[PDB]
Amino acid sequence: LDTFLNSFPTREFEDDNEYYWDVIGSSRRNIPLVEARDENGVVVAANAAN
Amino acid sequence: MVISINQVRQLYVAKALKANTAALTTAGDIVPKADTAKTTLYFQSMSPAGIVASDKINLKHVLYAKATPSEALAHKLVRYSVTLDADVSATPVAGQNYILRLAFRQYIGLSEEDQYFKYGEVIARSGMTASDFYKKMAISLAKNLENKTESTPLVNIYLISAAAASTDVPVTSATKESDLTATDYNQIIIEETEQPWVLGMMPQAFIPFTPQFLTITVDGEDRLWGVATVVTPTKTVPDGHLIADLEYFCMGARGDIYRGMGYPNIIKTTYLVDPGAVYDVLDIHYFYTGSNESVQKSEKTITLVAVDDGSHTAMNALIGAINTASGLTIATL
Amino acid sequence: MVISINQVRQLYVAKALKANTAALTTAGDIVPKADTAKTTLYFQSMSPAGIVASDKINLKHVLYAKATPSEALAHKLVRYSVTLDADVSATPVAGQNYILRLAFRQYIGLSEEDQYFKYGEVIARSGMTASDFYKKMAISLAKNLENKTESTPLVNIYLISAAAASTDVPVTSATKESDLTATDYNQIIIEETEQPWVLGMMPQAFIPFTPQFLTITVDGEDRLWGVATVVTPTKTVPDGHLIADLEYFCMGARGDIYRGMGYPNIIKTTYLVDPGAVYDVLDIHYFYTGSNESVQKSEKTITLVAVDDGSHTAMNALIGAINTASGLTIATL
Amino acid sequence: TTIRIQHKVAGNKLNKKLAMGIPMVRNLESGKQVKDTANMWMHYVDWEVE
Amino acid sequence: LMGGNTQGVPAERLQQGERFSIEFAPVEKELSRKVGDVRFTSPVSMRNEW
Amino acid sequence: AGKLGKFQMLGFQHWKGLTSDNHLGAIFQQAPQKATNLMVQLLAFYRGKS
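Protein chains in written order, with the deposited numbering: chain I, 52 to 101; chain i, 1 to 333; chain c, 1 to 333; chain H, 203 to 252; chain C, 153 to 202; chain B, 2 to 51.
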């Protein structure tokens with residue numbers, strides 16, 4: 052196990068103070084759908100007409 | 001939860017409804033005020049730091065004024081149903097590896113290019129019936145997914161029996177084939193979970209998935225064994241955890257936009273909405289038009305959140321008040 | 001409200017009482033857990049983020065366990081009763097200017113050197129009465145102490161009619177001698193007013209005051225006209241604001257000490273104390289001693305706060321629980 | 203075919219500096235968020251419009 | 153009560169508001185045990201606008 | 002749409018269109034300034050050291 056650990060680099064901090072880092076992500080999206088309604092405010096039902 | 005604004009949105013909580021400006025004692029209390037001519041409308045809410053008044057609504061500049069109930073803002077947890085397609089076979093075929101694959105679409109990175117795949121595997125034996133496959137497949141899925149090792153709650157694995165057919169018995173990584181003693185199991189439903197929320201820091205989001213399948217061999221033919229089909233949901237994430245960030249954002253217009261940046265040196269804001277209750281909403285959209293040449297509108301919104309437990313009593317009373325004061329005809333829900 | 005600790009202090013809100021680790025459904029539910037052989041005691045509390053237990057208490061190494069009621073923590077506001085000295089003169093002097101001085105001791109800064117003086121001046125007139133003088137004096141103090149432009153509230157001032165003898169007549173900077181329609185005013189009360197409060201930023205503090213007088217010529221000699229006297233208080237600041245800061249403090253031992261340093265990059269701690277309530281407190285002092293050389297004590301405290309319905313039901317039930325599980329006797333209040 | 207776009211911004215955004223509590227990001231075509239030092243708000247508005 | 157007081161101290165001196173100050177921590181010449189302690193304070197800040 | 006670790010403090014925040022200052026504050030890019038040439042030492046005749 053000692054060797055295994057040595058396979059990893061070490062980093063010198065300055066104290067026992069909690070630390071954090073910034074993680075960058077992605078941008079490209081597509082928005083889910085909650086529901087669809089007719090022109091009179093009535094919902095689709097997955098079995099209704101077009 | 002940064003939202004988009006039509007030039008501004010304001011929010012005023014309604015924990016109690018009063019008749020006069022002299023009854024505003026406790027915070028959250030609110031009253032609608034309108035002259036007898038019904039030419040202007042404004043709200044007097046009791047802020048934690050004293051009485052305060054909303055902007056003025058030119059009642060002939062009202063664009064839309066509609067209410068929303070709690071049940072129309074609770075995200076319904078979507079859930080598939082996994083089974084054995086009777087075409088390939090209605091019973092497990094001995095010796096074949098049934099490797100299910102749940103693909104997750106919006107994992108950490110807020111996108112569809114941020115994919116994550118969890119799996120579940122089962123090797124079928126001679127006497128293995130469909131009930132035995134479903135549970136063993138469920139335990140396999142629970143171990144991989146119900147991990148508290150996982151940084152996120154991803155899915156809930158449940159089972160259903162032809163006896164009940166509605167009662168869903170749950171399958172956590174703790175359960176074992178001895179705890180699931182029924183012989184008639186029909187499917188494996190998979191709900192999506194609520195993720196952890198933090199107002200102003202962690203908005204309400206979800207991870208969507210689809211249970212893909214891999215190929216077994218049956219007669220020298222590579223063939224999928226399962227069919228995932230969405231089912232009408234049964235559980236919903238209530239509103240409180242969403243209104244809370246709505247007003248956390250819609251209060252920085254009324255007040256401090258630095259909602260904590262130099263921590264000691266700030267104006268701490270007191271937020272009245274409980275993020276653990278449900279609220280109906282009431283949006284009033286209107287605009288300010290100017291004089292001779294300044295006709296360019298300035299559209300505005302006045303959001304109102306009233307706790308509505310059971311029947312929508314509070315918001316209905318509020319609506320009767322605004323309609324009696326402003327002569328409007330907002331619909332009660 | 002930074003406080004002194006005997007090497008540690010920890011707080012648990014006892015919103016409910018469940019009698020089983022299974023019934024810990026919602027935050028604030030607490031159960032006292034002690035084996036039948038009463039050697040250890042701890043509390044299973046439901047956190048906003050799951051179950052949690054407190055440090056185990058050796059019933060042999062418990063030093064004091066006591067419950068303190070809400071009224072014990074309610075700061076009675078010091079109120080003086082200033083009248084004019086019947087020795088010098090039972091009535092005002094024809095042409096003298098009576099200048100009452102209120103030296104405030106702990107003004108913005110902490111020290112007793114941070115002094116602040118506020119005055120009330122009244123030039124008397126022939127035919128003037130005592131009641132009429134108290135009237136004018138109180139009104140002058142109002143304009144100086146109960147004004148709206150003052151940075152911080154300083155004192156409340158009242159008037160008492162001999163007919164009433166207990167009712168205190170408020171005198172605000174809006175009041176005027178037309179509103180004070182009486183002739184049997186006996187004195188001027190000057191009461192201590194509650195200062196503001198902020199969770200973790202502005203502890204519940206007060207600024208005290210003594211009334212000092214200037215000297216008038218009564219026959220040919222400078223003399224003092226008034227006698228300032230301390231009478232029993234009748235107002236009390238409730239406990240809600242102390243317990244809240246206590247929790248804002250004692251939860252950094254069980255968790256995050258960086259309450260807000262690092263504004264985007266922080267860990268928010270949900271609290272269960274509503275500063276608009278009145279809690280009864282219960283404190284247990286205990287210690288841990290080691291083996292064969294580590295005999296040095298580690299004194300520790302576990303505090304439990306429960307809301308008082310007026311008769312100490314939550315705490316008394318909590319006391320019965322701890323006493324029947326630990327053999328202790330904590331003197332129900 | 204014809205296409206339009208638009209983006210409205212208040213006037214105060216002319217030379218508005220950013221505190222950089224969290225690193226400020228510049229959506230790319232690939233979909234990859236990228237860390238940018240620019241402290242002004244129109245730097246990013248321009249980028250997103252184009 | 154130190155100082156030689158054997159009559160007592162009247163209640164008039166022991167009522168709400170009586171202000172107490174720290175004088176010193178006296179100890180025995182021989183075999184004295186630990187006494188005393190130290191204390192600290194913090195500053196504040198104010199804010200403006202436009 | 003989930004936590005990478007368990008000590009992930011923020012989530013990705015996103016909006017369309019007209020950006021206000023509270024939009025920029027809710028994303029931690031608006032902060033109060035610190036005036037260092039400005040300090041207030043409370044006024045008092047300090048009679049310690051007497």
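Positions of the beta carbon are idealized from the N, C-alpha and C atoms, including for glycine.
In the three-state reduction of the DSSP assignment, residue 65 of chain c falls in the strand class, which pools E and B.
Taking 8 Å as the CB threshold, residue 252 of chain i stays off the interface with chain c. In this structure, the straight-line span from the alpha carbon of residue 225 of chain i to that of residue 204 of chain i is close to 35 Å.
Runs of the alpha helix (DSSP H) lying entirely within the region 127 to 170 of chain i, each at least 4 residues long, are 130 to 145 in chain order. Residue state for residue 285 of chain c is assigned as strand, using DSSP reduced to three classes. By DSSP's assignment, residue 226 of chain i forms a beta bridge with i:84. The C-beta of residue 36 of chain B comes no closer than 8 Å to any C-beta of chain i. CA-CA distance, residue 181 of chain i to residue 215 of chain i, rounds to 29 Å. Against chain B, the CB of residue 265 of chain i has a partner CB under 8 Å away; the residue lies at that interface. Of all C-beta pairs linking the region 222 to 241 of chain i to the region 71 to 91 of chain i, three or more are shorter than 8 Å, placing the two stretches in contact. Counting along the chain, residue 299 of chain c sits inside the beta strand (DSSP E) bounded by residues 298 to 307. Per DSSP, residue 100 of chain i is one residue of the beta strand (DSSP E) stretching across 100 to 104. Using beta-carbon distances, residue 113 of chain c counts as an interface residue toward chain B, with a partner under 8 Å. Restricting attention to alpha helix (DSSP H) runs no shorter than 4 residues, the region 175 to 261 of chain c encloses them at 240 to 250, ordered along the chain. Think of a sphere of 7 Å around the beta carbon of residue 233 of chain H: the chain I residues whose beta carbon falls inside it are 77, 78, 79, in chain order. Of i:306, i:72, i:65, the smallest CA-CA separation from residue 85 of chain I is found for i:72. With a threshold of 16 other beta carbon atoms within 10 Å, residue 123 of chain c falls short and is exposed. Non-local C-beta neighbours of residue 145 of chain i in its own chain, meaning closer than 6 Å and more than five positions away in sequence, comprise 118, 154, 155, ordered along the chain. Three or more beta-carbon pairs drawn from the region 300 to 311 of chain i and the region 270 to 282 of chain i are found closer than 8 Å, and the two stretches are therefore classed as touching.
DSSP places residue 71 of chain i in the helix class (H, G or I) of the three-state scheme. Taking 8 Å as the CB threshold, residue 13 of chain B lines the interface with chain I.
Excluding sequence positions up to five before and after residue 253 of chain i, its CB lies within less than 8 Å of the CB of 8, 9, 10, all in the same chain and listed in chain order.
Excluding its 5 nearest sequence neighbours in each direction, residue 92 of chain i has C-beta neighbours in its own chain below 6 Å: 124, 128, 133, listed in chain order. Against residue 99 of chain c, chain B offers no close residue; the least beta-carbon distance is about 23 Å (beta-carbon pairs closer than 7 Å).
Per the Cβ contact rule, the region 319 to 329 of chain c is in contact with the region 28 to 35 of chain c (3 or more Cβ pairs under 8 Å).
An exposed status is given to residue 63 of chain i, since fewer than 16 other beta-carbon atoms sit within 10 Å of its beta-carbon.
By the neighbour-count criterion, in which 16 or more other beta carbons inside 10 Å mark a residue as buried, residue 231 of chain H falls on the exposed side. Measuring C-alpha to C-alpha distances from residue 66 of chain i to each of I:98, I:92, I:97, I:100 identifies I:92 as the nearest. Inclusion of residue 11 of chain B and residue 151 of chain i in the CB contact set at 8 Å is not warranted, their separation being larger than that value. For residue 245 of chain H, no CB of chain B lies under 8 Å from its own CB, so it is not counted at the interface with that chain. Taking a cut-off of 8 Å on C-beta distances, the region 190 to 200 of chain C does not touch the region 235 to 246 of chain c, as fewer than three cross pairs fall below it.
Bounds of any beta strand (DSSP E) do not take in residue 315 of chain c; it lies within the alpha helix (DSSP H) bounded by 313 to 326. Contact check for residue 192 of chain i against residue 77 of chain i passes: the beta carbons are separated by less than 8 Å.
Neighbours of residue 198 of chain c in chain i, taken as residues whose beta carbon is under 8 Å from its own, are 268 in chain order.
Taking a beta-carbon distance threshold of 8 Å, residue 42 of chain B does not count as an interface residue toward chain i. Around the CB of residue 296 of chain i, fewer than 16 other CB atoms lie within 10 Å, so the residue is classed as exposed.
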